[PDB]
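Trainee: Provided hereafter are the protein sequence and its experimental coordinates.
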Amino acid sequence: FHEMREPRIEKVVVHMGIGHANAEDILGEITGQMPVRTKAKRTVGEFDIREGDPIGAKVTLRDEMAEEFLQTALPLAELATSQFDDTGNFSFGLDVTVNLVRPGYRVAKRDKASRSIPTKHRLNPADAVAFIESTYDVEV
Amino acid sequence: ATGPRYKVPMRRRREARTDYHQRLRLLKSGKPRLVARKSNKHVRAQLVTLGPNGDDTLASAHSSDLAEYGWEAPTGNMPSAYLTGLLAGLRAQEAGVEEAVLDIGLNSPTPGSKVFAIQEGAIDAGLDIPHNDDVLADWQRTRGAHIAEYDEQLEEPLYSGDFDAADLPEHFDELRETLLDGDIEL
Amino acid sequence: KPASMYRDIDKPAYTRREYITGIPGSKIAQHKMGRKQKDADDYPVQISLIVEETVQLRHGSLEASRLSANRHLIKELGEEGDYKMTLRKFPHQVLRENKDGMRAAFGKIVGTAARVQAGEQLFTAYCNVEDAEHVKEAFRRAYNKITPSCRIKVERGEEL
Amino acid sequence: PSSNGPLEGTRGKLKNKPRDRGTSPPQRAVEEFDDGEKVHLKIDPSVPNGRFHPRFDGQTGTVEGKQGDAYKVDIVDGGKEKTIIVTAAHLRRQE
Amino acid sequence: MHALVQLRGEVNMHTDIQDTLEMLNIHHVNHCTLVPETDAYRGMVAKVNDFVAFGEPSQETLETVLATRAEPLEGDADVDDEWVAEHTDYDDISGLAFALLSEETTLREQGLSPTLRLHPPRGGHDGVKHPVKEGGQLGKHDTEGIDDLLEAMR
RNA sequence: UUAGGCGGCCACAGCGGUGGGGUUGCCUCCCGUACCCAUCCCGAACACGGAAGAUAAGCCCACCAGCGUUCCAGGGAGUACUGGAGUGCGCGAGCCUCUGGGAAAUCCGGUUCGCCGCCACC
RNA sequence: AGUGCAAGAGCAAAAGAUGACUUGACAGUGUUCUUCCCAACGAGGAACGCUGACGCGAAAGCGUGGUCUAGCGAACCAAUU
RNA sequence: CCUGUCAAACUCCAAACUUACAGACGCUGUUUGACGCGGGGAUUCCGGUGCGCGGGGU
Ligand SMILES: [Cl-]
Ligand SMILES: [Cl-]
Ligand SMILES: [Mg+2]
Ligand SMILES: [Mg+2]
Ligand SMILES: [Mg+2]
Ligand SMILES: [Mg+2]
Ligand SMILES: [Mg+2]
Ligand SMILES: [Mg+2]
Ligand SMILES: [Mg+2]
Ligand SMILES: [Mg+2]
Ligand code: NA
Ligand code: NA
Ligand code: NA
Ligand code: NA
Ligand code: NA
Ligand SMILES: [Sr+2]
Ligand SMILES: [Sr+2]
Ligand SMILES: [Sr+2]
Ligand SMILES: [Sr+2]
Ligand SMILES: [Sr+2]
Ligand SMILES: [Sr+2]
Ligand SMILES: [Sr+2]
């Protein structure tokens, strides 16, 4: 019962919202895998009239690539309480966001007969802190 | 849900089981649908015609009942898929069904996939279905050579319950051989 | 202009402001009178002014009758007496005037009126038993400034 | 009318009631009719193709053959006989 | 079974209403017909309501009227018992009158004109500007009320 | 249907909630990347291969009406409106009688937490 | 929300967004409705076929321009294939 | 929450009623040939009034 309910890391997305690039080189070395560009929508007065164009970049980390990154990424941030999502996700800092969820998330991510995860099976801020804290660090 | 003006999707849409747009294009042919559907452990193939109160299944075949002809192997792979299609195809031929159009539901048209395998099976059973030869996997992968050579990279048996250590794509040959045979109690 | 020109309901409902422009503001100063903080149920008596004929009352008459009515209540009950009168109708109907003979006759926007059906309550005051004869007099003054004949009907008051 | 196009004054007849919004069921868009069959004509707002002139909504014609997948339905406009090209999507069996 | 009597002329009356009267075999003022009480026939009298006088007559009254105003499909032949006896499926007027009321046959089925061309009401009717409930003569009548009219138009 | 597939009608089926159910069976979540295939970055998804584990998800089963919806009884209402007729009333805008139809809001009590078709299957 | 532009209407595993490929905005010839309700009348328009040649897709299928209703022109003469 | 009002270019609702087709009754047609088809000849394309429903206009 406690097994199919104990959390795991869905994904860790490292991202750098610039505004115009030369930053792709560092993400590849710090994460391990390849990066991807970032575009935008709607014209902006801050010299951002070009809709579809490189502005940032991100890298979605999964499985080992995620944890091996977090081991040497969490010790660099002072995790707070408010830094947690209502869904039990936290973002700190170069931004680093960690997506947390219970063993049956595929139900909402698949194509065939997909379904949205029930609120009871949805991770909580409290249940999130607990799992994370129970792995090399402190809360609040 | 919200109010009177609210629009609730069709049931089979809410459930995310039927792509109604593809459903229509499919029905336009006038021919019966060769419904190809998979599962984690199994693979099913139905021949569906259109009916007044709902669709009519004239002939079907599930990978589970594949064993009834001498299948000691798993039921969620390529050889399994092809064979299931051939069985369903043969049963269909018996019921008068002569032509059909491949319905793959929410599955993807990936080259060499199991739904195309199911398709190649039904076609081989004597059915006339609009297809594309180069989108089907090569004869050997259908046989299950990809899995036999995977087991070659042993050190640990690919199969838990003993069917065999090195696996047998030859079993596929034996089973196909059995179905194509004139006798066989369908 | 005479009310004879606009009193009857003889044109279609013309209220859509998304299609009408240049509509003059309403002369009606207030719709809530007396002590608007107190509730209507906090009063023993409730007397309404009832329009006996279906008509169109222009905002000029609404203001004039409403004024001459509340002005009396103020004079007899003080500027803060224990009462509260209400004008429940609002001038939604936009009026025109063809002010070029009959060619391109569609008139220009000149005003607004409230369409009140017969038997409807135009005004409704709420007072204490002792003040009832004053509110009845405010209405007698108010009905003299609107087109139709009216009834002064006591809705809550067996104090007679 | 201010204009004389086909959709003139078809605001109501060619609009779905809220709960009938969105794509229509494929069943009735594939239904098969036989020559001689009485069919009710009614445009399905959700279906763009295979319509007839809006002026003909409510007519109950007689299927007298087909052109391609669409049907050829005979009606009597006032006193004049006309043949209408319409797809099953906009047809219903009588009775 | 009801007895319809046109009391208002054709001039100015709606065509569809006038056509209904003609379908009910009645083409002149004061002409009377016997109509069965069916859903279809009921719709027809409702339409003619304001230009007619109707209601179910008493067997007696019907007999009086048939004797005095009924005619063969052709000719002036008097429709008396002997006539009824030799042409109809009955022995006498009463037998016929009974069958009409019980709705077993029609004047036509018996070779009789569908219309009973009545005489103007003696002493005059109650007026063609108001219904029965308002003291007029138009619309549905009492079995006694209809009789008074039919008998007055002997 | 002791959990399946394809559907019809497309909320009576929605929203929200409670309880129950799975040793070689089913559906799943699940485990895993040599292959077919896959990601503008990620075996996440898609695709392929597979069972160590699980019934917590989903799904199936049973049930709750608070919201939304369907229908029914009574009330509002034969009121509002209305097809036919009138030497009926009103200065008039307008109303009334007779005849044939007949709401909406809303109140209240019930109903509804889907129904049906085909195939497969302890 | 978006879908070029009035207004009204259509559309959500799309008719919208993104990406890639592509030129069916193709040739020929019709049926039908519209233009012109009923009820005759041209140009124009649309829906729906067929023949030919193609594009895309695994395939059913979709493409006779733009989601629908505006964006149009006789005879004579000239140029052009 | 409470409280006060509206819509030709609003609609969660919603008539009476008009209308397509069919059956039934009615009426009508098969010597008065209807329904329909083809042909000859027109006149006509200043209308008006009542009632109902209207739109403009004091
Ligand atoms: Cl599937
Ligand atoms: Cl058409
Ligand atoms: Mg309209
Ligand atoms: Mg005679
Ligand atoms: Mg006399
Ligand atoms: Mg008299
Ligand atoms: Mg449970
Ligand atoms: Mg008078
Ligand atoms: Mg010239
Ligand atoms: Mg030229
Ligand atoms: Na002028
Ligand atoms: Na629809
Ligand atoms: Na890019
Ligand atoms: Na569960
Ligand atoms: Na033309
Ligand atoms: Sr007027
Ligand atoms: Sr007055
Ligand atoms: Sr995995
Ligand atoms: Sr006057
Ligand atoms: Sr009734
Ligand atoms: Sr189009
Ligand atoms: Sr009309």
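Mentor: Here it is on my side, so go on. Numbering: from 1, shown residues only, chains lettered A, B, ... in the order given. Ligands and ions are numbered 1, 2, ... in the order given.

Trainee: residue nearest the centroid of chain B?
Mentor: Nearest to the geometric centre of chain B sits residue B:118, at 3.6 Å (Cα atoms, centre = their mean).

Trainee: Quick check: which element contains that residue?
Mentor: Assigned by DSSP states H and E, residue B:118 belongs to helix B:114-124.

Trainee: Return the residues of chain B in contact with RNA strand G.
Mentor: Taking Cβ under 7 Å from any atom of the strand as the measure of proximity, chain B contacts RNA strand G at B:12-13, B:16-22, B:25-30, B:101-102, B:104, B:106, B:109, B:130-132, B:135. Where you see a C-beta, it was placed from the backbone N, CA and C, and this is true even at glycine.

Trainee: Could I have the buried ones of these as ChimeraX selection syntax?
Mentor: The command below creates a ChimeraX selection of those among these that count as buried (16 or more other Cβ atoms under 10 Å in any protein chain shown):
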select /B:19,26,27,101,102,104
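
Trainee: Contacting chain D as well, which ones from the residues of chain B next to RNA strand G?
Mentor: B:20-21, B:27-28 (Cβ under 8 Å from any Cβ of the partner chain).

Trainee: from the residues you listed, which is closest to RNA strand F?
Mentor: For these, the closest approach to RNA strand F (Cβ to the nearest atom of the strand) belongs to residue B:20, at 7.1 Å.

Trainee: of all the ones next to chain D among the residues of chain B next to RNA strand G, which two lie farthest apart?
Mentor: Checking these against each other with Cβ to Cβ, the farthest-apart pair comes out as B:20 and B:28, at 13.0 Å.

Trainee: quick revisit: can you put the ones next to chain D among the residues of chain B next to RNA strand G in a markdown table and add secondary structure?
Mentor: Conversion of those to a markdown table gives the following (DSSP: H, G, I helix; E, B strand; the rest coil):
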| residue | secondary structure |
| --- | --- |
| B:20 | helix |
| B:21 | helix |
| B:27 | helix |
| B:28 | coil |
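
Trainee: gap between the two ends of stretch A:96-116?
Mentor: Here the two ends of stretch A:96-116 are set 25 Å apart, with distance taken as Cα to Cα, to the nearest Å.

Trainee: Return the distance of that stretch from the chain's centre.
Mentor: In terms of Cα atoms, centre = their mean, to the nearest Å, the gap separating the centre of stretch A:96-116 from the centre of its chain is 14 Å.

Trainee: Stretch B:107-127 now?
Mentor: On Cα atoms, centre = their mean, the centre of stretch B:107-127 falls 7 Å from that of its chain.

Trainee: Show me which positions of that stretch end up buried.
Mentor: B:107, B:113-125, B:127.

Trainee: what's the answer for stretch E:91-100, then?
Mentor: So stretch E:91-100, judged by 16+ other Cβ under 10 Å, has buried residues E:92-94, E:96-97, E:99-100.

Trainee: Restricting to C-alpha, output it in CSV.
Mentor: Once non-C-alpha atoms are left out, stretch E:91-100 reads as follows in CSV (Å, rounded to 0.1, in the frame of the first residue of the first chain):
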residue,chain,number,x,y,z
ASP,E,91,-88.9,0.2,-41.9
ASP,E,92,-89.7,3.8,-41.1
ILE,E,93,-88.3,7.2,-40.4
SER,E,94,-87.8,6.3,-36.8
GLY,E,95,-85.6,3.4,-37.8
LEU,E,96,-83.6,5.7,-39.9
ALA,E,97,-83.5,8.5,-37.3
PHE,E,98,-82.3,6.0,-34.8
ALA,E,99,-79.4,4.8,-37.0
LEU,E,100,-78.3,8.3,-37.8
